[PDB]
Amino acid sequence: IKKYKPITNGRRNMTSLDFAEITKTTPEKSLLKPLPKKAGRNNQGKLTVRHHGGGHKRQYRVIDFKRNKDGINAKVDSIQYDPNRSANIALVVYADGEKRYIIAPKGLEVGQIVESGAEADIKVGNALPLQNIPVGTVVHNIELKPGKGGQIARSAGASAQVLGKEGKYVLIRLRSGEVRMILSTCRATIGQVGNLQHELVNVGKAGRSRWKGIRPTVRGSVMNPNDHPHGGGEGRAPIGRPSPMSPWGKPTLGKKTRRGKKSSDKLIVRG
Amino acid sequence: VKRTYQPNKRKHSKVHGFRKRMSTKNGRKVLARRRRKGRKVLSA
RNA sequence: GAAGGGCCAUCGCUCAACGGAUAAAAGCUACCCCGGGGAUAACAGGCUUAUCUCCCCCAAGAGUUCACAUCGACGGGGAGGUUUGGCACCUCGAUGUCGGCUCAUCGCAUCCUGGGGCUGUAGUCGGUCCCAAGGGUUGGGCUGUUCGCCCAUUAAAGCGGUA
RNA sequence: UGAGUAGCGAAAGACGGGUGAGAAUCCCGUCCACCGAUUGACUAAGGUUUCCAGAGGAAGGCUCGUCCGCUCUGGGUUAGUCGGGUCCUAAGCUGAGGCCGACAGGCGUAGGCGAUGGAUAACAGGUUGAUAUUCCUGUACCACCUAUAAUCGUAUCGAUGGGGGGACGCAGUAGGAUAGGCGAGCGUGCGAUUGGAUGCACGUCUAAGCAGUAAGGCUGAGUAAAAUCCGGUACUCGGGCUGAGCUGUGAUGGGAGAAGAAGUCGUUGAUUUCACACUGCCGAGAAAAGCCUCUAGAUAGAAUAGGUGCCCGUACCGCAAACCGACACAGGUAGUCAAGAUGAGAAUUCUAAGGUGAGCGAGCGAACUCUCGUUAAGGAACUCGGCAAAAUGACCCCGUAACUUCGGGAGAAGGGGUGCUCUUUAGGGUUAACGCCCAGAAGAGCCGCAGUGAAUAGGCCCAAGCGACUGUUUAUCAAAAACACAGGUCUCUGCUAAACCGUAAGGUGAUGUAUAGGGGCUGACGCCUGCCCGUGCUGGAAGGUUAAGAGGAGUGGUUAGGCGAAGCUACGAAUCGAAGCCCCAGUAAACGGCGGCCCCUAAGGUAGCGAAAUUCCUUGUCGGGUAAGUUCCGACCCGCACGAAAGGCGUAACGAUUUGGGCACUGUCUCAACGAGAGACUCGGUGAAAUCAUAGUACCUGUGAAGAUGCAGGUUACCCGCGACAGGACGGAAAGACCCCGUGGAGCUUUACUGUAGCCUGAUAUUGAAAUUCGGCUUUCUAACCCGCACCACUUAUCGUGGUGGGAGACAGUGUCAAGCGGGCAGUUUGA
RNA sequence: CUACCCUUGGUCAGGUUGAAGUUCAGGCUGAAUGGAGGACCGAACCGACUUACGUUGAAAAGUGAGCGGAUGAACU
Ligand SMILES: [Mg+2]
Ligand SMILES: [Mg+2]
Ligand SMILES: [Mg+2]
Ligand SMILES: [Mg+2]
Ligand SMILES: [Mg+2]
Ligand SMILES: [Mg+2]
Ligand SMILES: [Mg+2]
Ligand SMILES: [Mg+2]
Ligand SMILES: [Mg+2]
Ligand SMILES: [Mg+2]
Ligand SMILES: [Mg+2]
Ligand SMILES: [Mg+2]
Ligand SMILES: [Mg+2]
Ligand SMILES: [Mg+2]
Ligand SMILES: [Mg+2]
Ligand SMILES: [Mg+2]
Ligand SMILES: [Mg+2]
Ligand SMILES: [Mg+2]
Ligand SMILES: [Mg+2]
Ligand SMILES: [Mg+2]
Ligand SMILES: [Mg+2]
Ligand SMILES: [Mg+2]
Ligand SMILES: [Mg+2]
Ligand SMILES: [Mg+2]
Ligand SMILES: [Mg+2]
Ligand SMILES: [Mg+2]
Ligand SMILES: [Mg+2]
Ligand SMILES: [Mg+2]
Ligand SMILES: [Mg+2]
Ligand SMILES: [Mg+2]
Ligand SMILES: [Mg+2]
Ligand SMILES: [Mn+2]
Ligand SMILES: [Mn+2]
Ligand SMILES: [Mn+2]
Ligand SMILES: [Mn+2]
Ligand SMILES: [Mn+2]
Ligand SMILES: [Mn+2]
Ligand SMILES: [Mn+2]
Ligand SMILES: [Mn+2]
Ligand SMILES: [Mn+2]
Ligand SMILES: [Mn+2]
Ligand SMILES: [Mn+2]
Ligand SMILES: [Mn+2]
Ligand SMILES: [Mn+2]
Ligand SMILES: [Mn+2]
Ligand SMILES: [Mn+2]
Ligand SMILES: [Mn+2]
Ligand SMILES: [Mn+2]
Ligand SMILES: [Mn+2]
Ligand SMILES: [Mn+2]
Ligand SMILES: [Mn+2]
Ligand SMILES: [Mn+2]
Ligand SMILES: [Mn+2]
Ligand SMILES: [Mn+2]
Ligand SMILES: [Mn+2]
Ligand SMILES: [Mn+2]
Ligand SMILES: [Mn+2]
Ligand SMILES: [Mn+2]
Ligand SMILES: [Mn+2]
Ligand SMILES: [Mn+2]
Ligand SMILES: [Mn+2]
Ligand SMILES: [Mn+2]
Ligand SMILES: [Mn+2]
Ligand SMILES: [Mn+2]
Ligand SMILES: [Mn+2]
Ligand SMILES: [Mn+2]
Ligand SMILES: [Mn+2]
Ligand SMILES: [Mn+2]
Ligand SMILES: [Mn+2]
Ligand SMILES: [Mn+2]
Ligand SMILES: [Mn+2]
Ligand SMILES: [Mn+2]
Ligand SMILES: [Mn+2]
Ligand SMILES: [Mn+2]
Ligand SMILES: [Mn+2]
Ligand SMILES: [Mn+2]
Ligand SMILES: [Mn+2]
Ligand SMILES: [Mn+2]
Ligand SMILES: [Mn+2]
Ligand SMILES: [Mn+2]
Ligand SMILES: [Mn+2]
Ligand SMILES: [Mn+2]
Ligand SMILES: [Mn+2]
Ligand SMILES: [Mn+2]
Ligand SMILES: [Mn+2]
Ligand SMILES: [Mn+2]
Ligand SMILES: [Mn+2]
Ligand SMILES: [Mn+2]
Ligand SMILES: [Mn+2]
Ligand SMILES: [Mn+2]
Ligand SMILES: [Mn+2]
Ligand SMILES: [Mn+2]
Ligand SMILES: [Mn+2]
Ligand SMILES: [Mn+2]
Ligand SMILES: [Mn+2]
Ligand SMILES: [Mn+2]
Ligand SMILES: [Mn+2]
Ligand SMILES: [Mn+2]
Ligand SMILES: [Mn+2]
Ligand SMILES: [Mn+2]
Ligand SMILES: [Mn+2]
Ligand SMILES: [Mn+2]
Ligand SMILES: [Mn+2]
Ligand SMILES: [Mn+2]
Ligand SMILES: [Mn+2]
Ligand SMILES: [Mn+2]
Ligand SMILES: [Mn+2]
Ligand SMILES: [Mn+2]
Ligand SMILES: [Mn+2]
Ligand SMILES: [Mn+2]
Ligand SMILES: [Mn+2]
Ligand SMILES: [Mn+2]
Ligand SMILES: [Mn+2]
Ligand SMILES: [Mn+2]
Ligand SMILES: [Mn+2]
Ligand SMILES: [Mn+2]
Ligand SMILES: [Mn+2]
Ligand SMILES: [Mn+2]
Ligand SMILES: [Mn+2]
Ligand SMILES: [Mn+2]
Ligand SMILES: [Mn+2]
Ligand SMILES: [Mn+2]
Ligand SMILES: [Mn+2]
Ligand SMILES: [Mn+2]
Ligand SMILES: [Mn+2]
Ligand SMILES: [Mn+2]
Ligand SMILES: [Mn+2]
Ligand SMILES: [Mn+2]
Ligand SMILES: [Mn+2]
Ligand SMILES: [Mn+2]
Ligand SMILES: [Mn+2]
Ligand SMILES: [Mn+2]
Ligand SMILES: [Mn+2]
Ligand SMILES: [Mn+2]
Ligand SMILES: [Mn+2]
Ligand SMILES: [Mn+2]
Ligand SMILES: [Mn+2]
Ligand SMILES: [Mn+2]
Ligand SMILES: [Mn+2]
Ligand SMILES: [Mn+2]
Ligand SMILES: [Mn+2]
Ligand SMILES: [Mn+2]
Ligand SMILES: [Mn+2]
Ligand SMILES: [Mn+2]
Numbered sequence: 003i004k005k006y007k008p009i010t011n012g013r014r015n016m017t018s019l020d021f022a023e024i025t026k027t028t029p030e031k032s033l034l035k036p037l038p039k040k041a042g043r044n045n046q047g048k049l050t051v052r053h054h055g056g057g058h059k060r061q062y063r064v065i066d067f068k069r070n071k072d073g074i075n076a077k078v079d080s081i082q083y084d085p086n087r088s089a090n091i092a093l094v095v096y097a098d099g100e101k102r103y104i105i106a107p108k109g110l111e112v113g114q115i116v117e118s119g120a121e122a123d124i125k126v127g128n129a130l131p132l133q134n135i136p137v138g139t140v141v142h143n144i145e146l147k148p149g150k151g152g153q154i155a156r157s158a159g160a161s162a163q164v165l166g167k168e169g170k171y172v173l174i175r176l177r178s179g180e181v182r183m184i185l186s187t188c189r190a191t192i193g194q195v196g197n198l199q200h201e202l203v204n205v206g207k208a209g210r211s212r213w214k215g216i217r218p219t220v221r222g223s224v225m226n227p228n229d230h231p232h233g234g235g236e237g238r239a240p241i242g243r244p245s246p247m248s249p250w251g252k253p254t255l256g257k258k259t260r261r262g263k264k265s266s267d268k269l270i271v272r273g
Numbered sequence: 002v003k004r005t006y007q008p009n010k011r012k013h014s015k016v017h018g019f020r021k022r023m024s025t026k027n028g029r030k031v032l033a034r035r036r037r038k039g040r041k042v043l044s045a
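Sequence order for the protein chains is A and 2. Last residue of the first sequence: 273 (PDB author numbering), numbering continuous. Last residue of the second sequence: 45 (PDB author numbering), numbering continuous.
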């Protein structure tokens, strides 16, 4: 991590990431980038759930999320960065000669022709379903359904070692600490992902946060009663009612939001 | 000072035009009652 | 036939805000709004004068002696209308509000100056009463302050009325 | 009526000559002044005839009018190549079918429409009273067509289809050119004010098409994602491809100056223009066509001189008298060009180009008000408060404190210099070492009161409170101590995620996936964050308590034959009956907690601060500063009533913050004075308004609805203006905003009442097969049902619709009914 | 008009400070290079702190003089 010296205030404790691993290729591949128009509000135009908006133009680099190829080997030619995915990606160069975008797991190498198929090399890399693979192996991009390409683990760090296996659907631990039985025979990429240093980033300057999608968020204790349960009161004032609350009523420092009579109830125990 | 109303031909004939009028049921309701009134000016 | 009514007898109310609005009912508004009232408050005026300020009557006492130089307990009688009030009589289709600045004007229960009686007045100073309203009656520190304390002067650093 | 009153909307005009019935005001003229990073030039938005000419003067023009953006008559806008359409797409809009829906209609796949962006073929000159890259003189390109072929053959054209371009952010450095700038052959002229033979202007030539161009970026042949010789991908073999500012040539005659009836040089400076080029940074920077290609499929054959090329806009205003502001309105309005001197500059002053003298004037030189200038001695004494004003100011040089997060504080504070001339001679660049630039260093003089001689350009220091900071806010009485902020922590959320829009579909979140995303609270950073389990939340459920529904004992009415069977009928508890609630625990960066002597609730304030933005008594006590200090600062502690995420205590830096103290300054003040201008004032023109029961409208003591121009009784006063001042007319303006009242309104709150959107749970249809304890509890399987996943088709489409394979499966989902939660939302009550 | 917002464009004379990195001399200091920043001074531009004037205004929120920001949470 870069640690900026206070040339000035607000820069007083910035910690932009030490982008040493960004290494190969700043530009990133032209084939993989379409338009990425941004919006803070839902259709109808009304501002559905948004304490955010604004911010710089983003690429829309396309992840090859499925890892859907079989038996081919690929170069992993470049380590080029991605904004929206938080963790920077790597660019696999497939043997067919078409190239594809992988998320980039910790370990990392300029060249390793790993994975992409049912044949199972359990040594980092990708591929390999749930029916295969050893108990306790660390794994990145997990699937929620067969064929859907996976979506469970991702982000800037990643984990969820294959905590045991049994039945028609092998069990796994997750980064939240929930232990869920995801269905067996679904692809699960090997290894932890990305910047273990990412959580340590400190924005420092106000509005570098506004360079991102973030924009300022006014508290409930201020404002006026027509605008919020916490609103009103001459002078600075406490919460008032028992149980602190969100706008739109509804208590917000205790009650569990999980849906009743969910389909997901059969899978998983604890969290 | 800046005042209310800064004129715009396109913006005026959008929103207020005969086309935008007939585009909606209510715009038709409007044209209906203006013709019932006998307006010469109808709906520019 | 019955279900239901009527009539006669009676029971079910701190319906107690007790002639009992409903079987069933608390608060905030200085973000405020409309209809009204001088029928009704806050300012000033007016009436009043408990309070207030001033003035007396009586004279136990104080003052070595002597009530009445000076001071005056308990009680008693009044004046003034500057205070806090009481009353709600003018004003709610508006009678602008503290202090300061500016400009003043009047009363006398006189702070200074002028004239006097008494003195527990030797003299130079004083104290207290009497006549007297012509003129005079300071700059600063602090506080929005009026008040008030202080610094330094001065013949003196007056008290009130005038929305 | 007020009243011939207020006003006539920011400026410099003078004269002569015209015109005319009539000129301060129209036209011509000379001089003058004003703008000149703009009051100039050009254009988009908007305006639509205001544009031009000749006439006119009623009304409009804040005066005048012979004049006009006014009236009449007449007339004005010319494109193959400029902007736009016959090209392209973004946000967004529309959306065949389709998914949803009381109706109306909402959403949305195609696909369309859509510039503010992408591609797009000409330029210089001349000319009119109004147009010109549009007319015409010259020179030129683009596309098409028709006429020839040197060169092919069941070469040429290649797609709605892939590929490659197009194709991109921000900052910074140089460097290459180019415009423009500045000085010394070219036309003219040579001074009557003492002097001199130098005085003034200009010094250019377009696209197109020939030539090159080091500033820029990059290596070549064999083979193998649905149809490919192109793309991609990998093994062998040591300087030219793509762009390109600009220059040279040709275009070559056109442009040109003074006037008296033909000119193109050289030198020097040099960008804001010519590159997202290069370099660096992270917050990782649109699309689609035109263009180059390669296949699938098409097709007999593809330099020269004639021709063909459409619709729309084009006038004029455009920082303005033509646009938005009711006005010919001191305001608002995107972009482009933008010269000299001086300068760091687009700052400052004066000027170019070029524009204007602002649509009432003449006098006078009272008060008073405004805008300026000066001021003896004093220097904050003024004041709520140094409000206002004065002071500081540029460059070169020295010299700079506590503190500190080591960056800062800092331009700290503060001291010296500055003009002109003449010598010497040492850096720079450009060049044939000439001169041209810019610009120092040392020495001697000269002048003034004063040398950044005008203009323009920081006052500063000490200490306190709040807030870390840059930032945000009440358009139009509050810019702050309020909001935000990075950081902290808490909670929820496993992914058709929560959480939000909507009845839904559909969609945000988010082409995101717990280092993420929603909500609460705090507010950099530093040192820390204590004590206590009714409400809430979370978990537990042994027992109590609870709805529809299941269940039927038994009850009553009728009559087949008082007793009274059936039948149909009203009505029915025992039992079974979920979530909640009662009880149990856990949780305080969840809501929220401080009694009494000379006794108790669940626990009774640790650290730190303290008479605070918190302290009533109170100007507390002591000390600091002052001659004097209700303020201020430092302590003290019986803290009326500080206190640890409504955070506690410090904190460098920062502040148009609140407060206290100084240096310097001064009309703030002692105490006011004079001067310039505008208005006021006299005259000519023009000519409003609020208000107004009729008025011939005195004072004093009194009276009275309890404060009188108008009543009583006195006192005083000839009739009529003008300039002034504000005591009064309970002066004008607003049916008082406080107060109260009305069985008024509205916004807001909650354990006020009654409800309701939604959410949780139960029975019951949808809703089937099969396995034991007596249909009920729990399990297994598929034909119902479900997919916000896989390949398949309709189909060059993530929508749907069918398929098939998976997954989940009688659960869910919806429907009817039921019971809880429910200021999220509604209607209201809240006495006299 | 105003508030956010999506798509696409445009504008910000000049002067100052000198972050990382790099480059040489020590067992993290001086020098050159370099060009960081809701950095400093100050026009355009955006804003409205104080004050005077204006109050039947030139103006139904302005004007003069100062004042804040001005490479950014910028202005439009
Ligand atoms: Mg930074
Ligand atoms: Mg916030
Ligand atoms: Mg509050
Ligand atoms: Mg009454
Ligand atoms: Mg009185
Ligand atoms: Mg007197
Ligand atoms: Mg005026
Ligand atoms: Mg004549
Ligand atoms: Mg065109
Ligand atoms: Mg046509
Ligand atoms: Mg659509
Ligand atoms: Mg229909
Ligand atoms: Mg013009
Ligand atoms: Mg005018
Ligand atoms: Mg003066
Ligand atoms: Mg103040
Ligand atoms: Mg000054
Ligand atoms: Mg310095
Ligand atoms: Mg302190
Ligand atoms: Mg204090
Ligand atoms: Mg979505
Ligand atoms: Mg404090
Ligand atoms: Mg106090
Ligand atoms: Mg507190
Ligand atoms: Mg503190
Ligand atoms: Mg005058
Ligand atoms: Mg005048
Ligand atoms: Mg008067
Ligand atoms: Mg009000
Ligand atoms: Mg109510
Ligand atoms: Mg500053
Ligand atoms: Mn950052
Ligand atoms: Mn508030
Ligand atoms: Mn509320
Ligand atoms: Mn509250
Ligand atoms: Mn409070
Ligand atoms: Mn009966
Ligand atoms: Mn009664
Ligand atoms: Mn009642
Ligand atoms: Mn308030
Ligand atoms: Mn009212
Ligand atoms: Mn009365
Ligand atoms: Mn009274
Ligand atoms: Mn009165
Ligand atoms: Mn009396
Ligand atoms: Mn008495
Ligand atoms: Mn009364
Ligand atoms: Mn009475
Ligand atoms: Mn009245
Ligand atoms: Mn009045
Ligand atoms: Mn007397
Ligand atoms: Mn006297
Ligand atoms: Mn007096
Ligand atoms: Mn007159
Ligand atoms: Mn006149
Ligand atoms: Mn008059
Ligand atoms: Mn007058
Ligand atoms: Mn006048
Ligand atoms: Mn004028
Ligand atoms: Mn005439
Ligand atoms: Mn002239
Ligand atoms: Mn000038
Ligand atoms: Mn137009
Ligand atoms: Mn004309
Ligand atoms: Mn006339
Ligand atoms: Mn006229
Ligand atoms: Mn032509
Ligand atoms: Mn349809
Ligand atoms: Mn365009
Ligand atoms: Mn274009
Ligand atoms: Mn013209
Ligand atoms: Mn031309
Ligand atoms: Mn920068
Ligand atoms: Mn010559
Ligand atoms: Mn001469
Ligand atoms: Mn001579
Ligand atoms: Mn034109
Ligand atoms: Mn104007
Ligand atoms: Mn503007
Ligand atoms: Mn402009
Ligand atoms: Mn210039
Ligand atoms: Mn210069
Ligand atoms: Mn200038
Ligand atoms: Mn000129
Ligand atoms: Mn005067
Ligand atoms: Mn006056
Ligand atoms: Mn005036
Ligand atoms: Mn001076
Ligand atoms: Mn003086
Ligand atoms: Mn002096
Ligand atoms: Mn002094
Ligand atoms: Mn002096
Ligand atoms: Mn003072
Ligand atoms: Mn004083
Ligand atoms: Mn104060
Ligand atoms: Mn000041
Ligand atoms: Mn200095
Ligand atoms: Mn000197
Ligand atoms: Mn001298
Ligand atoms: Mn702040
Ligand atoms: Mn600020
Ligand atoms: Mn604002
Ligand atoms: Mn305001
Ligand atoms: Mn949905
Ligand atoms: Mn807070
Ligand atoms: Mn039942
Ligand atoms: Mn029976
Ligand atoms: Mn706590
Ligand atoms: Mn406590
Ligand atoms: Mn003082
Ligand atoms: Mn003291
Ligand atoms: Mn203190
Ligand atoms: Mn707390
Ligand atoms: Mn705080
Ligand atoms: Mn002082
Ligand atoms: Mn004058
Ligand atoms: Mn009238
Ligand atoms: Mn009348
Ligand atoms: Mn008279
Ligand atoms: Mn009477
Ligand atoms: Mn009386
Ligand atoms: Mn009287
Ligand atoms: Mn009287
Ligand atoms: Mn008069
Ligand atoms: Mn009055
Ligand atoms: Mn009223
Ligand atoms: Mn009251
Ligand atoms: Mn009321
Ligand atoms: Mn509750
Ligand atoms: Mn069910
Ligand atoms: Mn399907
Ligand atoms: Mn219900
Ligand atoms: Mn309820
Ligand atoms: Mn309510
Ligand atoms: Mn009602
Ligand atoms: Mn009452
Ligand atoms: Mn610059
Ligand atoms: Mn800055
Ligand atoms: Mn202003
Ligand atoms: Mn303000
Ligand atoms: Mn200004
Ligand atoms: Mn400024
Ligand atoms: Mn600045
Ligand atoms: Mn923008």
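From the three backbone atoms N, C-alpha and C, an ideal C-beta is built for every residue, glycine too.
Residue closest to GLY12 (chain A), alpha-carbon to alpha-carbon, out of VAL205 (chain A), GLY234 (chain A), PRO246 (chain A): Comparing Cα positions, the closest option is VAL205 (chain A).
Here's the rule: buried if 16 or more other CB atoms are within 10 angstroms of the residue's CB, otherwise exposed. What is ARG69 (chain A)? With 16 or more Cβ atoms within 10 Å of its Cβ, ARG69 (chain A) is classed as buried.
Spatial neighbours of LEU43 (chain 2) within its chain, please: C-beta separation below 6 angstroms, excluding the five flanking residues on both sides. Closer than 6 angstroms at Cβ, skipping near neighbours: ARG35.
Tell me the DSSP bridge mates of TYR103 (chain A)? Answer by DSSP bridge pairing, in chain order: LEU93 (chain A).
Can you tell which of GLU145 (chain A), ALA97 (chain A), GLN133 (chain A), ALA92 (chain A) has the C-alpha that lies nearest to the C-alpha of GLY127 (chain A)? The residue from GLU145 (chain A), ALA97 (chain A), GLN133 (chain A), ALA92 (chain A) with its alpha-carbon nearest to that of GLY127 (chain A) is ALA92 (chain A).
Any chance you could list the beta strand (DSSP E) runs of at least 3 consecutive residues sitting entirely within the region 28 to 96 of chain A, in chain order? Positions of the beta strand (DSSP E) runs, each at least 3 residues long and wholly inside the region 28 to 96 of chain A, are given as 91 to 95 in order along the chain.
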